[PDB]
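Residues per chain, in single letters:
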Amino acid sequence: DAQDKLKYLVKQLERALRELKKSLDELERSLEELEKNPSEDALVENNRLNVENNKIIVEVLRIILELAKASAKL
Amino acid sequence: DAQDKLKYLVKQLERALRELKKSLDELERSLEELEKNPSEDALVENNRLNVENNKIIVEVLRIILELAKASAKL
Amino acid sequence: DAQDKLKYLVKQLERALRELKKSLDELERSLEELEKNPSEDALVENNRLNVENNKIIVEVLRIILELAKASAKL
Ligand SMILES: N[C@]12C[C@H]3C[C@H](C[C@H](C3)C1)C2
Ligand code: NA
């Protein structure tokens, strides 16, 4: 089962990275707006999106730990 | 030795992810306070915690590089 | 070819982590300046560097997905 589960975990990783990429693009657009017209409001929104992006990174790292455990059987 | 070292590196990864999770929870609480009562002070604290969270992510990635090197022997 | 490609991907990972580390050091220095003399300008620069650091993390994760695919052949 170990090889087949690895393949599934790799597909989960690809899905999560797609989600991370879309988040990163939103974050960068936020930073461009902030650099153009800085304000408290823009700053909070920018931070919100940075936090969200870190949260998704942690989810991606969780999947990599599951990949590492699956490997460390075989 | 390669298989046994891999198992140890996997335990190190699990420990570091526990630390990252606790950090993420602190960061999210900071963002909730910031969104409630935005101020310069809240903003700096929020950034401090975001930076700290990135620093731990880099430590987690270091461990994954060590896992990748251990794998690439066998 | 799978073993040799893995070795190459591991070297790519080491290069990218060197780049991430240098970024992290810049980000931390930014945060020290911000904590010393907080201002809107310092805040935007700090966020800029945090965003940049997340962007490099995503590139590092891309390489780890390529390492996971290379493994999941063998
Ligand atoms: N074999 C591994 C490939 C990839 C990098 C590292 C951790 C995970 C994901 C398993 C080694
Ligand atoms: Na920020």
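Conventions and cut-offs
- Residues numbered from 1 in each chain as written, not as in the entry; some residues may be left out.
- Chains lettered and ligands numbered in written order.
- Heavy atoms only, no water.
- Residues with missing side-chain atoms left out of burial classes, pairs and counts.
- Least-squares fit on C-alpha atoms.
- Helix = DSSP H or I, 4+ residues; strand = E, 2+ residues; numbered from the N terminus.
- Buried < 20%, exposed > 50% of the residue type's maximum accessible area, 1.4 Å probe, protein only.
- Contact = heavy atoms within 4.5 Å.
- Nonpolar A, V, L, I, M, F, W, Y, C, P; charged D, E, K, R; others polar.
- Axes fitted to C-alpha atoms, helices over the stretch in contact; angles between N-to-C directions.
- Parallel < 35°, antiparallel > 145°, perpendicular 65-115°, else oblique.
- Left-handed = near helix turned anticlockwise from the far one by under 90°.

A.B. asks: Would you explain the relation of the copies chain B and chain A in this entry?
C.D. replies: Superposition of the two copies of the chain requires a rotation about an axis and a shift along the axis. Here chain B sits on chain A after a turn of 120° about the axis and a move of 0.0 Å along it, with an RMSD of 0.0 Å. Here the two chains are linked by the operation of a three-fold rotation axis.

A.B. asks: I would appreciate a short explanation of the environment of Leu43 of chain B in the present structure.
C.D. replies: With respect to the helices, strands and loops of the structure, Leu43 of chain B is situated in helix α2 (residues 40-71). Residue classification places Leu43 of chain B among the buried residues on the basis of a relative accessible area of 2%. A C-alpha to C-alpha distance of 35 Å links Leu43 of chain B and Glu66 of chain B, two positions 23 residues apart in sequence. With residues near it in sequence (within four places) discarded, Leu43 of chain B still touches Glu40, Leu43, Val44 and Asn47 of chain A, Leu34 of chain B together with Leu43 of chain C.

A.B. asks: Where do I start with the interface of chain B and chain A in this structure?
C.D. replies: Note: interface size is frequently given as the accessible area lost on complex formation between the parts. Between chain B and chain A, the contact holds 26 residues from the first and 18 residues from the second. The set of elements that each furnish at least two residues to the side of chain B that touches chain A consists of α1 (2-36) and α2 of chain B. The element best represented in the side of chain B that touches chain A is α1 of chain B, accounting for 13 residues. Considering only residue class, the side of chain B that touches chain A consists of 15 nonpolar, 6 polar and 5 charged.

A.B. asks: Where do I start with the packing of α2 of chain B against helix α2 (residues 40-71) of chain C in this structure?
C.D. replies: For any two helices packed against each other, the geometry is given by the interaxial angle and the distance between the axes. Relative to each other, α2 of chain B and α2 of chain C sit at 20°, their axes nearing to 11 Å. Between α2 of chain B and α2 of chain C, the angle is such that the two are roughly parallel. Relative to α2 of chain C, α2 of chain B is oriented so that their crossing is left-handed. For the pair α2 of chain B and α2 of chain C, contact is made by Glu40, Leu43, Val44, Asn47, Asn50, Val51, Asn54, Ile57, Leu61, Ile64 and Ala68 of chain B and by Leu43, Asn46, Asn47, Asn50, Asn53, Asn54, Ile57, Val60, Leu61, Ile64 and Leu67 of chain C, respectively. Considered class by class, the residues forming the contact of α2 of chain B with α2 of chain C number 13 nonpolar, 8 polar and 1 charged.

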